[PDB]
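**Q** Have a look at this fold, sequence not included:
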């Protein structure tokens, strides 16, 4: 069985509250930890793919205009940030309909009334109130068990399907209502470790101020009698204290001196900041600005652990938001073909590395074209629909489109075919003259 | 539940105030932290593309003249700097209209009266006053909840859409009014860490001044009788103190000496400066001039964490300003096509690295042209509209524009087709003679 001390040590990590989370979020370290996690994932942006190869130019211009008027980038960045701050975040796609009870029925893609998608809003948890139906609470076997069917925001109750909910680590069922059916907040995860790190960082300067504590053993009952000339003389000493002046003090007087050793505070401070980074799932290079004291220099393992793992998780968190946004944008406006989202690579590599990447990819393209695998048209389309490739602005023209020809093998094929015709004709002449 | 001590330790990080921010901003550390963040992002500048290939030269010259008269670079640099200093900055695009209530209606791109865009101004937060409407305060579900609809600057109330607002980390809703609906100021983030770092930097010289504290134990009740010849003798000793003369002092006198150990102050100082860099999200190489003591040498991870992440954040902060500026600079004047801004890469790499970059890109260009992917015209246009590429003055002529010919494959194609004509004619002659 679990011991009582370990049991109530673990049980005391309870939910702290939305007010406490908002109050603690003012601190720089928790703000940074909740901020530069999905912001880096959202940095490189996305690209539109659709069933067709290239979207129509007017369609792309309209999509860009609507995205800029809706502020999608800032929206999902704030979504991730406050989802990390609090336990959960709610994104409501505002859309206009004639029926006052529109946000009561389950969300239907047919209920459009075109030209009605006005934008999105993000509601903090204390402004909302999850509502459980009896069908969503009675049956553990139900796939919507302990999943809020409705959310009372301002009097009215928005249905679950209408809005998009992003939540934290999803605590177990028995204590899911204790988190108001949200998630475990990163503020609750790091309001203690951050405080310990900051206070240890505080203690070294403050103790260094009172490092040296030189004291003098004066006959105090003799200083009692005057105590004005005595204080004046010692104030003069303290004012003109120097490493060349000499202090005269009588017999039966010691004047000892003590000092503190502060060499071991740095290890404690950086050990706590490393744990801040550990809880934040973000490298200490990103949070602290560099690797902490004595730790091994950050490497390929940490770069793939951060740039690839956590950013892909944040991108799959963003994906419901972008998917519903593009549904309610495309289908609501006059379109013909549905839309889908491709995520740009998030490596943020330097210019030299980007050039090396482009050169190696060009070598692969040349090898494939020369071997006759892919036509240059595919390479043209890849360069056009590939940012950071050097050429995002080429033309509207078309390449050969024949499966891996290139001018070299085009000339070779024409010359070989004509020479083959010549040789077959000369062979037929040889048959005729030999016969 | 959060404890009382941790709770009121976190609650104490309140909003210091605009006066406090302005007063603290005089310090060098906070000024540098707020300065060299978006200034580096703005250094490399931008380029203009529009829907067309190249803007007409008269239009480009007019745009350059207007940008120089409006000092756009300096304004956006100051915008980022004081946005970091205070919690929020307001940029108002001044424009003239007949209606004295012009800055009351929501901003409309049609309300131009051409030749009226006179420039931009930046209003400090204490000169402004946000105003919230009942529609912007009653509904948490509203998209503009807790977003000031109007800003009283000088009596009159400018609408939100008319002006561009850049704000800090956007505190949560319950304490958003406590920041006057702005952002969390970087001065509030670093007025204590900066003080601790500077005071620790002060302590080591000041204490090193009073490092040695040699004292002499003379019978003071004997010195008291004369105390003038005694003072003169000791003053003579202190004046002619040297490591060769000898000091005579009678029996029952000790003359001990104390000294302080200061080898551990450097660790504290360079830990606190590293923490200041951590707050500023700026490398210690940029702030302190070099990596601090002991810490691993700054590398590729920190360069991609600063040059790519934070500077792109500053660029997307700048983007509303440039977008509105070009809206009211293009459409206000006589133009035909809208404008779009592209951002130069911000790496500031050395000349040798730039040459290697250009050489590798030229290798990619040669590979693609030889394989028949891209025509040399695209490479010419890229070089023309690519700064730091060596060629930015070339000529106004055109390349082949056929997709990937080059003179080599042009001559090869002509010769191959001609030899094909040869071989096919000889084949026809061979069949004619064989028949």
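**A** Structure received. Numbers count the residues shown, from 1 in each chain, chains lettered A, B, ... in the order given.
**Q** use CA for all of it now, contacts and neighbours both
**A** Will do.
**Q** helix/strand/coil for residue A:92?
**A** Assigned with DSSP: H, G, I helix; E, B strand; the rest coil, residue A:92 falls in the strand class.
**Q** Need the phi and psi values for residue A:17.
**A** Recorded main-chain torsions at residue A:17 are phi 120, psi 150, according to degrees, to the nearest 10.
**Q** Just give the closest residue to it, not the sequence neighbours.
**A** Of all residues beyond its chain neighbours, the one nearest residue A:17 is residue B:1 (7.6 Å), with distances taken as CA to CA, 6 or more residues apart in numbering or on different chains.
**Q** burial count for the one you found?
**A** Residues lying near residue B:1 (other CA atoms under 10 Å in any protein chain shown) number 12.
**Q** Pull the contacting residues for it.
**A** Neighbour list for residue B:1: A:12, A:14, A:15, A:16, A:17 [criterion: CA atoms under 8 Å, 6 or more residues apart in numbering or on different chains].
**Q** Likewise for residue A:90?
**A** A:122, A:123, A:124, A:125, A:163, A:164, A:165, A:166.
**Q** how much space between it and residue A:36?
**A** 20 Å (CA to CA, to the nearest Å).
**Q** again, but for residue A:58
**A** Distance of residue A:58 to residue A:36, computed by CA to CA: 34 Å.
**Q** Who has more neighbours out of these two?
**A** residue A:36 (19 against 9).
**Q** Identify the residue nearest residue A:298 in space, chain neighbours excluded?
**A** Of all residues not flanking residue A:298 in the chain, residue A:291 sits nearest, at 6.7 Å (CA to CA, 6+ apart).
**Q** what secondary structure does residue A:241 sit in?
**A** coil.
**Q** With adjacent residues omitted, what lies nearest to it?
**A** Taking CA to CA, 6+ apart, and ignoring the residues beside it in sequence, residue A:241 has residue B:210 as its nearest neighbour in space, at 6.2 Å.
**Q** was I right about the one you found contacting residue A:242?
**A** Yes - with contact defined as CA atoms under 8 Å, residue B:210 reaches residue A:242; the gap is 4.8 Å.
**Q** can you tell me how far residue A:77 sits from chain B?
**A** 11 Å (CA to the nearest CA, to the nearest Å).
**Q** That residue belongs to a strand?
**A** No - for residue A:77, which was evaluated using three-state DSSP, the result is helix, with no strand membership.
**Q** where along chain A do the strands fall?
**A** Across chain A, reading from the start of the chain, the strands by DSSP state E fall at A:46-48, A:88-95, A:117-123, A:129-131, A:150-152, A:157-159, A:163-167, A:247-248, A:341-343.
**Q** Tell me which of these sits nearest to residue B:396.
**A** Proximity to residue B:396, assessed across the strands of chain A by CA to CA, is greatest for strand A:46-48 (33.5 Å).
**Q** Would you mark the buried spots in the closest one?
**A** Judged by neighbour count (16 or more other CA atoms under 10 Å in any protein chain shown), strand A:46-48 contains these buried residues: residue A:48.
**Q** interface residues of the stretch 1-150 of chain A facing chain B?
**A** Where the stretch 1-150 of chain A comes near chain B, counting by CA under 8 Å from any CA of the partner chain, the residues are A:12, A:14-17, A:20, A:22-28, A:40, A:43, A:92, A:94, A:119-124, A:127.
**Q** Got a quick ChimeraX command for the buried subset of the residues you listed?
**A** Applying 16+ other CA under 10 Å to the residues of the stretch 1-150 of chain A next to chain B leaves a buried subset, and the ChimeraX line that selects it is:
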select /A:15,16,17,20,22,23,24,25,26,27,28,40,43,92,94,119,120,121,122,123,124
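**Q** Contacts made by stretch A:226-236 with the rest, please.
**A** If you take CA under 8 Å, 6+ apart as the criterion, stretch A:226-236 is touched by residue A:223.
**Q** top helix in chain A by residue count?
**A** Longest helix in chain A by number of residues (criterion: DSSP state H): helix A:406-434.
**Q** got the buried residues for stretch A:371-385?
**A** Of all the residues in stretch A:371-385, those buried under the rule 16+ other CA under 10 Å are A:372, A:374, A:375, A:376, A:377, A:378, A:379, A:380, A:381, A:383, A:384, A:385.
**Q** hmm, who's touching it?
**A** A:365, A:368-369, A:389-394, A:398-406, B:371-374.
**Q** same thing but 7 Å
**A** Contacts with stretch A:371-385, where a contact means CA atoms under 7 Å, 6 or more residues apart in numbering or on different chains, come from A:365, A:368-369, A:389, A:391-393, A:398-406, B:372-373.
**Q** Please pick the buried ones from those residues.
**A** Neighbour-count burial (16+ other CA under 10 Å) is assigned, among the contacts of stretch A:371-385, to A:365, A:369, A:389, A:391, A:392, A:399, A:400, A:404, A:405, A:406, B:372, B:373.
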